[PDB]
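Trainee: Protein chains in written order, with the deposited numbering: chain 6, 28 to 151; chain 3, 77 to 321; chain 0, 2 to 82; chain 9, 1 to 97; chain 5, 1 to 62; chain M, 95 to 205, 219 to 324; chain 1, 259 to 309.
Pasting a structure here, questions to come.
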Amino acid sequence: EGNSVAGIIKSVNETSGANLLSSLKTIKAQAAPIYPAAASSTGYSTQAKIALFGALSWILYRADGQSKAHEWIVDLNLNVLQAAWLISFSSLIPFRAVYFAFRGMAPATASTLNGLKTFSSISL
Amino acid sequence: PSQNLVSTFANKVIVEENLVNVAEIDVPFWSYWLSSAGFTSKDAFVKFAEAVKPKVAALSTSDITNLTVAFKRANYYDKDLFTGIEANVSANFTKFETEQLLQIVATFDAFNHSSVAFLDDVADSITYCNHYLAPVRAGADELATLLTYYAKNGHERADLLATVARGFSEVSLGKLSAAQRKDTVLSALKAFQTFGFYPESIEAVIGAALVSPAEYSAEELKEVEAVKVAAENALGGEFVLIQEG
Amino acid sequence: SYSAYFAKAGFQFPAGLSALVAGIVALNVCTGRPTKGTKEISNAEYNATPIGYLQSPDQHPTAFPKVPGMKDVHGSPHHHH
Amino acid sequence: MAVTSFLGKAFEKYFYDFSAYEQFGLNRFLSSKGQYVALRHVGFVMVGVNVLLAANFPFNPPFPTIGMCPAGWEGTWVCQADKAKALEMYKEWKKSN
Amino acid sequence: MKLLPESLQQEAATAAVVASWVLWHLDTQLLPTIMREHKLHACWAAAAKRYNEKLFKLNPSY
Amino acid sequence: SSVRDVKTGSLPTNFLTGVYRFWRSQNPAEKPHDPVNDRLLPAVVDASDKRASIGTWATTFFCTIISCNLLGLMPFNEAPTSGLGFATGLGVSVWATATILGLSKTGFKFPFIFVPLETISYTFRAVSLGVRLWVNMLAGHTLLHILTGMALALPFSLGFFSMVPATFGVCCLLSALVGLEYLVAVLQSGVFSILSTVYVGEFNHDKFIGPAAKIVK
Amino acid sequence: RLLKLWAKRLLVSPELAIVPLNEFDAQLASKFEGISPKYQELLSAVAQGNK
Ligand SMILES: [Zn+2]
């Protein structure tokens, strides 16, 4: 895969003057980058099924031994207390403000890229 | 007859002619590790040097480094192999590292073999295709070998010399024994005056000699003091050793 | 624009998780000691004992016990009391 | 359905715009929404405690009762504070009941 | 309650296996990815003044 | 053999960038007297080769403890750092890492009646770093077990969905203790690894090599 | 060839069509930091695309 500017330079050099201005949208699109198209689902990967069966195999096994733990009704009522905060965190955390607050932790996303200021790289 | 069957098996199955018949698959693996165990064997290495010649143009960069430092340790110089090696380096110069090029050059510096296209593509790769602190991780006995290989061949690349001059400091020369530090300091100052390039880190290879001048002659310290006065007016000042504290 | 490239590869585990799970399991099964509530006996005792008498009552607590301390099995009535 | 694609879209519109804070009115009685969540939380605990107890009610409690008895039991196995005692009384009660 | 474990060495070695996997995973998988996109941004933001001035002096287009 | 592809600017990449750069900031490098140029660059690179990787170690212990502490707040799960050998086994391992670093600063030889009292207060750092993590994860979970037993005594005795102002005031006290446990889960993973940078950073000091010869003016 | 010259420069870099050809070297200076910022911040944002 050669570079697309040498593909632009070649495709503009071997056109004529009459069909130059018509060819400029098919030389533009021949050198556009590939953004791969949204394929069909094929949902829940072979590892997303291990992650959900293995988490269900863990939650059932932990609730099995919680139910015979000599404080079994206190153990099973702590999962209600612990899952009550997972519900209150979905309803109280500002998830767009948290997303943009983690973007400021990283200096790569806290600013814009900064090089190559367009007046230095002209070709007139 | 137990001793007879083992001795008959030993004289027809485990010899060095079948040791080089299993070594035909991957050459630069077996070339490198055997030569590190002390297996020089000049005409067993000729079987290597022709079994690998249809492969040198498509080797990875760690394979090319393994061929040259094996054929350096076995001291065997195949001139039509070593032009396929330098055509691997000068065609894939962006992929080589300074750790790998400083070992390939020291093979090419022993066996006095160079090209102008090779000397540019090694200097283009150390300077531009590699991290600028990769000379600092090198060890100054390998950088002085690279400095003289560019002064033997008369190749002035002033961008490469500013890169290799990073890797000369008190740190890099202090890791050398004083027999090897002396063989490096004289070898680095001889190359720095051949181009007339006196960087600001020449005052660490000069000061590696003037802090212990009892290992040097008066002929070699005349060589050192010739470079010190040549570097003093270039850098615009006078040399002064520092007592620490 | 690249959003549909990242939807193609779905879930994936962390890139060495099979060495964490094989390291935590190999610490929980290579204990070098009997399995927490059991005791190693001779082969002559294991071949002679029913599987209802090899079981201890402490190792089978009741799955949702109506009285705290209910066990599911009762084990050997041949106590050395 | 597609098993990952239906109820993901059903849970999405149960999560987001299904809101019993406004569909059941409920701004008439509650000041903010930050205190509707702060007692839907405590409401989830009180409902979950009362479901876990009632789903198996005749049980001798592992936790210390404070000197209280549930209903007309008061001397049975359900209120007996000695557990080896109440195991004997539960086994007698289970034949009858 | 549960204070001492059945083996203290088994729990100490579970901590050393978990924390050495996190050390391996950070050093090998996370931190190469962190620094590939931290230092694309950082090298471009540090060179931007000297890159553009070196490029201004080079292209003959003015 | 084929690595996965990462989107730039992902949220786990942004979080772990800020986390790593935080713990790296706790033991900053010291400015030399000289200006940093190509003369001083091998002395700066060698100054970094002799510093411990406390930026990496402290975010190893941050991320392995906050993941373990927050498991205790997931339903059906207990925190691994609520175990005595896990939590104190991380505390001794930080203390031994600091000591192995401080013992290598010499030639592995161990350092009148004063020094048994500097040693005791230093050897107690071993157990105090791990027991503070263990007791916090144990004492918060134990209080939650006792108060859930008390708060279950009221609906067991009284009616199900009846006499509800008695159980509402204790279900909101139970709910505010699980909320404090989310704060102690995040704080004790921070206090463990703030202190790991302090203990390991005590022996994180070497001599700047620097220029031994100069050409002044 | 002039039309083909500017065809390549506006297929790669189409934001160049916002600095008019007569007002171009009125922007320059001897250093790159001295270039007039009349079009610098506009050229940087037209270069980032239509979104
Ligand atoms: Zn619990």
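Built from N, CA and C at the ideal position, the CB exists for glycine as well.
(1) Quick one: is residue 153 (chain 6) near chain 5, going by C-beta distance under 7 Å?
(2) When you measure from the CB of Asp102 (chain 6) to every non-hydrogen atom of ligand 1, does any distance come out below 6 Å?
(3) What do you reckon, is the C-beta of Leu105 (chain 6) under 6 Å from a heavy atom of ligand 1?
(4) Give the residues of chain M in contact with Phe63 (chain 9), contact being defined as C-beta atoms less than 7 Å apart.
(5) Let me know the alpha helix (DSSP H) ranges lying completely inside the stretch 272-314 of chain M, each 4 residues or longer, listed in chain order.
(6) Based on the DSSP secondary-structure assignment, which residues constitute the bridge partners of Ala320 (chain M)?
(7) Using the C-alpha atoms, what's the distance from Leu280 (chain M) back to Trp73 (chain 9)?
(8) In three-state terms, what does DSSP make of residue 35 (chain M)?
(9) What is the C-beta distance between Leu51 (chain 6) and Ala265 (chain 1), in whole angstroms, given that I count them as a contact (C-beta under 8 Å)?
(10) Out of curiosity, what's the CA-to-CA distance linking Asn29 (chain 0) and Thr158 (chain M)?
(11) Going by beta carbon distance, what residues of the same chain come within less than 6 Å of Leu261 (chain M), once the five residues before and after it are set aside?
(12) For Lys54 (chain 5), which of helix, strand or coil comes out of DSSP?
(13) Residues of chain M with a CB under 7 Å from the CB of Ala86 (chain 9): which are they?
(14) Excluding sequence positions up to five away, which residues of its chain have a Cβ less than 7 Å from the Cβ of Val96 (chain 3)?
(15) Checking contacts by CB at 7 Å: is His25 (chain 5) closer than that to chain 6?
(16) When DSSP labels each residue in this structure, what does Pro58 (chain 9) get in the three-state scheme?
(17) Using the beta-carbon count (16 or more within 10 Å), is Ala152 (chain M) buried or exposed?
(18) For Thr136 (chain 6), would you say it is in contact with chain 1, using Cβ-to-Cβ distances shorter than 7 Å as the test?
(19) Below 8 Å CB to CB, which residues in the same chain sit around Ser176 (chain M) once its five sequence neighbours on both sides are set aside?
(20) What is the residue span of the alpha helix (DSSP H) that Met89 (chain 9) lies within?
(21) Helix, strand or coil for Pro62 (chain 0)? Go by DSSP, reduced to three states.
(22) Alpha carbon to alpha carbon, how far is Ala38 (chain 9) from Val298 (chain M)?
(23) Would you mind reading off the limits of the alpha helix (DSSP H) that contains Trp151 (chain M)?
(24) Quick check on the DSSP output: the alpha helix (DSSP H) that includes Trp189 (chain M) runs from which residue to which?
(25) For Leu237 (chain 3), does the count of other Cβ atoms within 10 angstroms reach 16, so buried, or fall short, so exposed?
(26) What is the DSSP secondary structure of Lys125 (chain M), reduced to helix, strand or coil?
(27) Determine the contact status of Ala64 (chain 6) and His41 (chain 5), defining contact as a CB-CB distance below 7 Å.
(28) Could you give the uninterrupted runs of the alpha helix (DSSP H) lying entirely in the stretch 83-122 of chain 3, keeping only those of 4 residues or more?
(29) Quick one: which unbroken beta strand (DSSP E) runs of 3-plus residues sit fully inside the stretch 165-238 of chain 3? Chain order, please.
(30) If we require 4 or more residues per run, which alpha helix (DSSP H) segments fall completely within the stretch 135-160 of chain 3?
(31) Quick one: what's got a C-beta closer than 8 Å to residue 352 (chain 3)'s C-beta in the same chain, skipping five residues either side?
(32) To which residues of the same chain is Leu251 (chain M) closer than 6 Å at the C-beta, ignoring the five residues directly before and after it?
(33) Helix, strand or coil: how does DSSP classify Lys72 (chain 0) here?
(34) Determine which residues of the stretch 260-286 of chain 1 have a Cβ less than 8 Å from any Cβ of chain 5, and write them out in chain order.
Mentor: The relevant details are as follows:
(1) Beyond the ends of chain 6 as shown, which are 28 and 151, falls residue 153 (chain 6); an answer cannot be given.
(2) Position 75 of the first sequence, counted from the first residue, corresponds to residue 102 (chain 6). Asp102 (chain 6) Cβ: within cutoff of ligand 1.
(3) Taking the first sequence and counting its residues from 1, one reaches residue 105 (chain 6) at position 78. For ligand 1, at least one heavy atom lies less than 6 Å from the Cβ of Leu105 (chain 6).
(4) To locate residue 63 (chain 9), count along the fourth sequence from 1; it is residue 63. By Cβ distance, chain M contributes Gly256, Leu259 and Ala260.
(5) none
(6) Within the sixth sequence, residue 320 (chain M) is the residue found at index 213, counting from 1. According to DSSP, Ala320 (chain M) bridges with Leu317 (chain 3).
(7) Taking the fourth sequence and counting its residues from 1, the one referred to as residue 73 (chain 9) is at position 73. Taking the sixth sequence and counting its residues from 1, the one referred to as residue 280 (chain M) is at position 173. Each residue's alpha carbon lies about 29 Å from the other.
(8) Nothing about residue 35 (chain M) can be read from this structure; chain M reaches only from 95 to 324.
(9) The residue you call residue 51 (chain 6) lines up with position 24 of the first sequence. The residue you call residue 265 (chain 1) lines up with position 7 of the seventh sequence. Right, the Cβ-Cβ distance comes to about 6 Å (below 8 Å), so this counts as a contact.
(10) Position 28 of the third sequence, counting from 1, holds the residue named residue 29 (chain 0). Position 64 of the sixth sequence, counting from 1, holds the residue named residue 158 (chain M). Computed Cα separation, rounded: 19 Å.
(11) As a working mapping, residue 261 (chain M) is identified with position 154 in the sixth sequence. Excluding residues within five positions, the ones whose Cβ falls inside 6 Å are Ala273 and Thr274.
(12) Position 54 of the fifth sequence holds residue 54 (chain 5). In the structure shown, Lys54 (chain 5) sits in a helix (DSSP, three-state: H, G or I).
(13) Counting from one through the fourth sequence, the residue named residue 86 (chain 9) turns up at place 86. Ordered by position in chain M, no residue passes the 7 Å Cβ test against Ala86 (chain 9), which lies about 14 Å from the chain.
(14) In the second sequence, the residue the question calls residue 96 (chain 3) occupies position 20. Contacts found: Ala120 and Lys123.
(15) The residue given as residue 25 (chain 5) occupies position 25 in the fifth sequence. Taking Cβ atoms only, chain 6 never reaches closer than 7 Å to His25 (chain 5), which makes this a no.
(16) Walking along the fourth sequence from the start, residue 58 (chain 9) turns up at place 58. In the structure shown, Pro58 (chain 9) sits in coil (DSSP, three-state: anything other than H, G, I, E or B).
(17) Translated into positions along the sixth sequence, residue 152 (chain M) becomes position 58. Buried is the call here.
(18) For the purposes of this step, residue 136 (chain 6) is taken as the residue at position 109 of the first sequence. No, because no Cβ of chain 1 sits closer than 7 Å to the Cβ of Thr136 (chain 6).
(19) As a working note, residue 176 (chain M) is residue 82 in the sixth sequence. So the qualifying residues of the chain are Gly166, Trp241, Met244, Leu245 and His248.
(20) In the fourth sequence, counting from the first residue as 1, residue 89 (chain 9) sits at position 89. Run containing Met89 (chain 9): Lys83 to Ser96, per the alpha helix (DSSP H) assignment.
(21) Taking the third sequence and counting its residues from 1, one reaches residue 62 (chain 0) at position 61. The answer is strand: DSSP assigns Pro62 (chain 0) an E or B state.
(22) Counting from one through the fourth sequence, the residue named residue 38 (chain 9) turns up at place 38. Counting from one through the sixth sequence, the residue named residue 298 (chain M) turns up at place 191. Going from the Cα of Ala38 (chain 9) to the Cα of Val298 (chain M) covers about 29 Å.
(23) Translated into positions along the sixth sequence, residue 151 (chain M) becomes position 57. Per DSSP, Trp151 (chain M) belongs to the alpha helix (DSSP H) from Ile148 to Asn163.
(24) In the sixth sequence, the residue the question calls residue 189 (chain M) occupies position 95. First-last of the alpha helix (DSSP H) with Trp189 (chain M): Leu178 to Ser198.
(25) The count along the second sequence starts at 1 and reaches residue 237 (chain 3) at position 161. Looking at its Cβ environment, which holds 16 or more other Cβ atoms inside 10 Å, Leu237 (chain 3) is buried.
(26) Taking the first residue of the sixth sequence as 1, we reach residue 125 (chain M) at position 31. Three-state result, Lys125 (chain M): coil.
(27) One-based indexing of the first sequence puts residue 64 (chain 6) at position 37. One-based indexing of the fifth sequence puts residue 41 (chain 5) at position 41. For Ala64 (chain 6) and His41 (chain 5), no; Cβs fall outside 7 Å.
(28) 92-95 and 103-112
(29) none
(30) 137-149
(31) The requested residue 352 (chain 3) does not occur in the structure, where chain 3 is confined to residues 77 to 321.
(32) For this step, residue 251 (chain M) is matched to residue 144 along the sixth sequence. If we look at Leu251 (chain M) and ignore the five residues flanking it on each side, its Cβ neighbours are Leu284.
(33) Start at 1 with the first residue of the third sequence, and residue 72 (chain 0) comes out as number 71. Strand, per DSSP.
(34) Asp283 and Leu286
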